[PDB]
There are 6 protein chains.
Amino acid sequence: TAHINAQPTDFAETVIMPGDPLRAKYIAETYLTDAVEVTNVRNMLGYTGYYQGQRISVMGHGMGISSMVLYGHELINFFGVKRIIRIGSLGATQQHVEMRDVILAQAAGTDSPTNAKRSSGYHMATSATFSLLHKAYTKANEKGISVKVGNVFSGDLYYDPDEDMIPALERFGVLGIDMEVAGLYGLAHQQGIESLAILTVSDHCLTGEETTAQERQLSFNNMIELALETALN
Amino acid sequence: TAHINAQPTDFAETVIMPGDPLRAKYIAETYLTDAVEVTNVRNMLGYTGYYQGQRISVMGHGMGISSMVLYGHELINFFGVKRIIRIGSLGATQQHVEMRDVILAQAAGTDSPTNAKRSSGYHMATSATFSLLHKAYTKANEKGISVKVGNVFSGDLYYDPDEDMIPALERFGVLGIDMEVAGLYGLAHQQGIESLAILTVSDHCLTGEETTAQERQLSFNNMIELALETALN
Amino acid sequence: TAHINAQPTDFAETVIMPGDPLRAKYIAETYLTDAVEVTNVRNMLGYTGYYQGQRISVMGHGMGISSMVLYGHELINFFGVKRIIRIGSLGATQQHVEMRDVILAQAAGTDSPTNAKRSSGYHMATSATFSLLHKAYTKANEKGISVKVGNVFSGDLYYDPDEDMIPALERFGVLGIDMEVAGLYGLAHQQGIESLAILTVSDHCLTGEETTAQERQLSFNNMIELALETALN
Amino acid sequence: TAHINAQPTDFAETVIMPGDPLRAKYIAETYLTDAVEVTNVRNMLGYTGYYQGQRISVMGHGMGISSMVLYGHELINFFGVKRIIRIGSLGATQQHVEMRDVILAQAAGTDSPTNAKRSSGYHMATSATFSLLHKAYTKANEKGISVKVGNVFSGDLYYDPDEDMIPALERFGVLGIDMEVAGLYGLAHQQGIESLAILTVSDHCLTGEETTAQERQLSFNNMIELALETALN
Amino acid sequence: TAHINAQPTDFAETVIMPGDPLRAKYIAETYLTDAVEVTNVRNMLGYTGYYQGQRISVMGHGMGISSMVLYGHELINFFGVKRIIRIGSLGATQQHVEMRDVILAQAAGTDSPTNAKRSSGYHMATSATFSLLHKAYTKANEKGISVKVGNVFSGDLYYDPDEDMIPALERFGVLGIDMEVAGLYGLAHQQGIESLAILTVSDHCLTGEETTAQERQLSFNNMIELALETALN
Amino acid sequence: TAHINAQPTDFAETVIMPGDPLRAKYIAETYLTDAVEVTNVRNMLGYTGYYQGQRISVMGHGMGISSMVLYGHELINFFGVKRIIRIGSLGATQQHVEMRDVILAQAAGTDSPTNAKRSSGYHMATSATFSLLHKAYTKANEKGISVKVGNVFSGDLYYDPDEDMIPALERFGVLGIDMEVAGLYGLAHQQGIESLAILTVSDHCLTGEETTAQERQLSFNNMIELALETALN
């Protein structure tokens, strides 16, 4: 396990995972009680703390499916982890998707062939654990947080050469594009754990619409609160 | 539209679709008020009637994705249809899935390359409309009906040469196997309509467990009630 | 065998198969002596009767390869069937193909990956049994029936998103497009039985040319006579 | 046209093509009247002569689809050629195929993706021109020559790493394996010319059975006579 | 350029890139004169300094092709970078490869389909810039450093489900396995820049042989010296 | 070994291989001492002689990967051959590549799926043996011969239907296109022997620029000298 330098018991059974380790740090200091840094190999920081009297971990997963699923695999297999909630952002690919929306990823597709390889060569579906999906939905509603539930696409190239990619996603109903969601779901199915991705909208790929920093921050907070409440049993 | 011999206005905006046209007939006579047979080209029977004072259609879609999506495409494009709920059965591929369970298909994968072709060559996710998925879930719970929500796989060959197929589905968490669900979802995304598949368990591919005809019938009734309540706005 | 409700001995060794079960019915009443309905599960009607003192069956196979090969597989494996002749129609994709022509499908290609899966992952040829192909050719000539022998393509999507599909078929010499021929041939090779598809022209995809109902009916009759004479040893 | 050093009019409209240029030479000296060597670039010899008072060419095509279709393309496009009959040998892959049989290749499959590329990305059928196929069949019968008509497979690697290849061909009904037939057929369809492959059995891949040189020679003669009679209008 | 928070001129034309940003830091403090941290977004640290009076940058690229090529793309396109040398480690897959060897990656293959997508759908070669490859080779020899030059494979799943993967690499001559080399080379070809990967052996996948920390450190130093001398014009 | 009619010991451990057997003949008469023709099956001529007192063979390999790798496989497996240097020509696909340049193929890509099949289904790199690549480079420099070292692409269709093929190669840095290089390299890796392709420029696919016969001949001589000096230990 050359990639995580925690002790075997150092993680909660749920790990919330942004891409950016500095985001995990921020969450650990801002939202968690008594967070302790448990891993920092390669600057990929992770923490274990408490939320509303319950144990919970938050850790960066870095960029791209390859990065995410490597960390994910180690958490599951060496650190006893049973649930991973990804918190990220996506580029919006529907007109009805708004800058302030939180996206709950019901299912994801990808151009990474790593999922098909996990599922014995077949193109099996890769989706969020429903109980978690349902819980986050319910909480978003109880909290008056604007959500959209639907499909995302995780692409391997942030700088993809296919100029028709975004229009292709729009034509098929896709809510937005990210890099990792599909990886997490594939990993979760293959590994037999639970997962969900909750995402804010970092850009609108159709409109290019801009936001104030305080609008950006309200999204973030909403996503974190939602991820924490969903995680905590 | 050589495949449906209805008039343009003859369908409700929702169509419930079993595979077997004789099942559609049975549903129209048993559950609907004032059902009228509106189509019978090629013995593929369809009906329009009322449930709890609301207009609703039920029609066979035949066997396999090719069959299902052809009818589906005509309904959407020539008959103004906005929602299709498939009611089917599947072969169970998890030990925790029971003979009496109703399966709500969150998402589906397939070996039909027809979905990838719809979604511009990309392997985009194919899933149920969440509002419908959530509604059926809620109703199943309100009604005390045993549900499981998760992934299905739709295979093109009922008699598939791959002996490892069923074990492959089990290893990846899949709830069961059918023939059409993935087709419906792909069609729905590409066509911009709503869809959901609700399924009973016709066989258990892991245990081979048997049922009385009255157990089989209780499943069926549950599925129909659920499909009707989900459909009706 | 949940899809055919005949007794094990209820079929002749040859089964003629249109897509439409109502077509099988019509053939059984119009051309066969003493036809008996032997199967009607799911409204998919099939018959066994006599032609010129010889036993022969005719049965619908429904729409799409998935449908056709499921029925085909059951006939071969549970009902002792040794020969299947498909009688269908196709959309013509050559200028020299005329509305009144009967097409004898020498070989077929497809976008269904079900054939490659049957043939161990290799893209092996899928063609008509030559003895049958030769016999139908000979009979068409003896009878003065206009035939064309060549290649067909069976596509999975009747409503295919590729606008260049028809021109693509034309550029490569293809006589016309249908939905099932390739499936039958693949099944036949894998199962070790004999097969042939005989087809009329339902539309001309290049010219859009129209026909009187009596022209349409003369094609049909020709195809049936040819299928019957080919079948009968 | 750096590969054929004939003059534009130097070929007959039909070219008979073995793989071995020394075989073409032998045929030109043994069977043709007044054969003239018309090309010898790269030792790939070709001839134009007369058979029964009709003009006819015979030329080596070398080994593998890449070789065959390069020459084929030049013949069609720069030398006005309208028909190519391949005369070859194959490794037999059916028990009922005998050392003395001449195989008429109705259709061919391949692992060369060059055919799919010709046919716009689709896996369209690649088969012999029926009129030619029928004529050779008829002549073989009139001459009392033992024929089998069916499917061949053309593989790119004479020394293929897949040990299950031969059994795979057997399981799917394939008559035997060669290197070029599929290439010729694909070329012919794409180029709009006529073609046919006639083949003797050089080895039996199932039985390993051996032959006297005079048995080998009787096959050859039969194939040549058949190819000549088929070609000559 | 949300991923690098340097100013446009902050990088040298060559960037040396380990996976681990803490490795870049260490190199900047240990080998560079006057290194300045120029980027730290997401804890992905990068530096610009001097080696033997010449300007040079060193930056982490994180784990997996997706990560590497995202950073790579930004460096090339927004920061004027003309050359990237990856310094990494690999799992050895040949018996003749030793724990103390430095590997110069002549060319790389991958299971990432991102390279094929860069090269217009074709599986074009992805290799090191020869001038750089030759220079590093020469320097290794002048310095008495043990090198091996050959092929690497970059796999997307550090935890790959294919148990035959390592034996497969061995059977084909491959020197070892990593995660990113192929990505860098594909990026370099598509972007028109220069690149090379120099790698130490972190594990021997065939022998599992162990090393002292001082043996591990001598490899590292050798690799760094080599990368620096190769980079500096 | 029906394709080479030499005795088992008739070849040197290195074989230089042009495509054209008449080129091998010419080389054997012009550059070798005491060359003896050792094989001529199918007009594919090969020779064994001496260069500067060392034993060396030269043999045609014909056109296309299928041809090349068949001969290559026989040489390696039945004739003890340990090294094959291909001498060919390519169509140039870079502006900086000149008519007088000799190309040293560092690595090659292909549309032949034969390489992937050799390397267990993975798209492993196929490249020249570095020691040979380095030696030829060194000699070219010592001799004042203009070289370029980089990537080639070997295509299966000399007459390829993709009009964007050449521009695609240019966009990705490729030096030029041939038919066989990739095959040789794949064979070499799978078989565990050494290989290298040295190539002259027969056409410039970007500029269409023309040459005198004496310019063409100077290239050739350079290539031969280089191949001989590289081969001879």
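The chains referred to below are lettered A, B, ... by the order of the sequence lines, with proteins before strands, and numbering in each begins at 1. Computed over heavy atoms, backbone and side chain alike; hydrogens, waters and symmetry mates excluded.
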For residues 164-182 of chain F, which residue pairs pass the salt bridge (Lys or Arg N to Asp or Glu O under 4.0 Å) check, not counting sequence neighbours?
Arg86(F)-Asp178(F), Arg86(F)-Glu180(F), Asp164(F)-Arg171(F)
Report yes or no: do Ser89(F) and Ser202(F) form a side-chain donor-acceptor pair below 3.5 Å?
yes
Do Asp203(F) side-chain atoms and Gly91(F) backbone N/O form a donor-acceptor pair below 3.5 Å?
no
Find out whether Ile145(F) and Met223(F) are in side-chain contact, i.e. whether some heavy atom of one side chain is under 4.5 Å from a heavy atom of the other.
no
Considering only heavy atoms from C-beta outward, does the side chain of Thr93(F) approach that of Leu175(F) to under 4.5 Å?
no
Would you sort out whether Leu104(E) and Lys148(E) count as a side chain to side chain contact (heavy atoms under 4.5 Å, CB included), showing the intermediate values?
CA-CA 6 Å; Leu104(E) 305 187; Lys148(E) 283 187 174 69; over 6 Å; no
What distance separates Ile224(F) CD1 from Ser219(F) OG, expressed to the nearest 0.5 Å?
10.5 Å
Contact summary for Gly109(E) and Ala182(E), nearest pair of heavy atoms:
O-CB, 3.6 Å
Would you call the rings of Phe11(F) and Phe79(F) parallel, tilted or perpendicular, where under 30° means parallel and over 60° means perpendicular?
perpendicular
Under the ring-ring contact (aromatic ring centres under 6.0 Å, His included) rule, what pairs show up with a residue in residues 159-207 of chain F, not counting sequence neighbours?
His73(D)-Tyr159(F), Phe172(E)-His189(F), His189(E)-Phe172(F)
Once you round to the nearest 0.5 Å, how far does CD1 of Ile166(D) lie from CD1 of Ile177(D)?
4.5 Å
Closer than 3.5 angstrom, by distance alone: can the side chain of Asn43(F) be matched with the main-chain N or O of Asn43(D) as a donor-acceptor pair?
yes
Looking at every non-hydrogen atom in both residues, tell me the closest pair between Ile65(E) and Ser154(E) and how far apart they are.
CD1-CB, 4.3 Å
Taking every heavy atom of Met99(F) against every heavy atom of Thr211(F), the minimum-distance pair comes out as CB-CG2, 3.6 Å
Quickly, which of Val201(F), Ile87(F), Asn222(F) forms a side chain to side chain contact (heavy atoms under 4.5 Å, CB included) with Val102(F)? Name it, please.
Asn222(F)
Run the salt bridge (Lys or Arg N to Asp or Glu O under 4.0 Å) test against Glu194(E) and tell me which residues pass, sequence neighbours left out.
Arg83(E)
Nearest non-hydrogen partners of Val181(E) and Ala197(E), listed with the distance:
CG2-CB, 3.4 Å
Would you say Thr39(F)'s side chain and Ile4(F)'s backbone share a donor-acceptor pair under 3.5 angstrom?
no
Which pair of heavy atoms, one from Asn151(E) and one from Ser127(F), lies closest together, and at what distance?
OD1-OG, 2.7 Å
Is there a donor-acceptor pair closer than 3.5 Å between any side-chain N or O of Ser67(F) and the backbone N or O of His61(F)?
yes
Distance, nearest 0.5 Å, that separates OG1 of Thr200(F) from CG of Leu226(F):
11.5 Å
Under-4.0 Å salt bridge between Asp160(E) and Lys117(A):
yes
Hey, is the main chain of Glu74(D) close enough, under 3.5 Å, to the side chain of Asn77(D) for a donor-acceptor pair?
no
Under 3.5 Å, side chain of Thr126(D) to main-chain N/O of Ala108(D), donor-acceptor pair present?
yes
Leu169(E) versus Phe153(E), closest heavy-atom pair with distance:
CD2-CB, 3.4 Å
Examine the side chains of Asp156(A) and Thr114(E) and answer whether a donor and an acceptor come within less than 3.5 Å of each other.
no
How long is the gap from OG on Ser112(D) to CZ on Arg118(D), to the nearest 0.5 Å?
8.0 Å
Is any side-chain heavy atom of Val58(F) less than 4.5 Å from a side-chain heavy atom of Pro18(F)?
yes
Test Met68(E) against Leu184(E) for side chain to side chain contact (heavy atoms under 4.5 Å, CB included), laying out the working first.
CA-CA 7 Å; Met68(E) 195 286 120; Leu184(E) 165 63; 3.8 Å; yes
Short question: side chain of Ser66(F), backbone of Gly64(D) - any donor-acceptor pair under 3.5 Å?
no
Nearest-0.5 Å distance, CE of residue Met63(D) to OH of residue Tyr71(F)
3.5 Å
Within the structure provided, determine whether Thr129(F) and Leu196(F) are in side-chain contact (heavy-atom separation under 4.5 Å).
no
Any non-hydrogen side-chain atom of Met44(D) less than 4.5 Å from a side-chain atom of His3(D)?
no
Take a 6.0 Å sphere around CD of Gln95(E) and say whether it holds more than 12 heavy atoms from other residues, nucleotides or ligands.
yes
Taking the side chain from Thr110(E) and the backbone from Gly155(E), do they hold a donor-acceptor pair closer than 3.5 Å?
no
Assess whether side chain to side chain contact (heavy atoms under 4.5 Å, CB included) is satisfied between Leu75(D) and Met17(D), documenting all intermediate values.
CA-CA 11 Å; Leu75(D) 289 165; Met17(D) 300 198 86; 3.7 Å; yes
NE2 on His134(F) to OH on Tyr137(E), rounded to 0.5 Å
5.5 Å
Is any side-chain heavy atom of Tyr122(F) less than 4.5 Å from a side-chain heavy atom of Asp162(E)?
yes
Any side-chain donor-acceptor pair under 3.5 Å between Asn115(D) and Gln190(D)?
no
Using a 3.5 Å distance criterion without hydrogens, assess whether the side chain of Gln106(E) forms a donor-acceptor pair with backbone atoms of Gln106(F).
yes
Hey, does the side chain of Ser195(E) reach the backbone of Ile84(E) with a donor-acceptor pair shorter than 3.5 angstrom?
no
What's the verdict on side chain to side chain contact (heavy atoms under 4.5 Å, CB included) for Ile103(F) and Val97(F), showing C-alpha distance, side-chain angles and the deciding distance?
CA-CA 9 Å; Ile103(F) 307 314; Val97(F) 170; 4.2 Å; yes
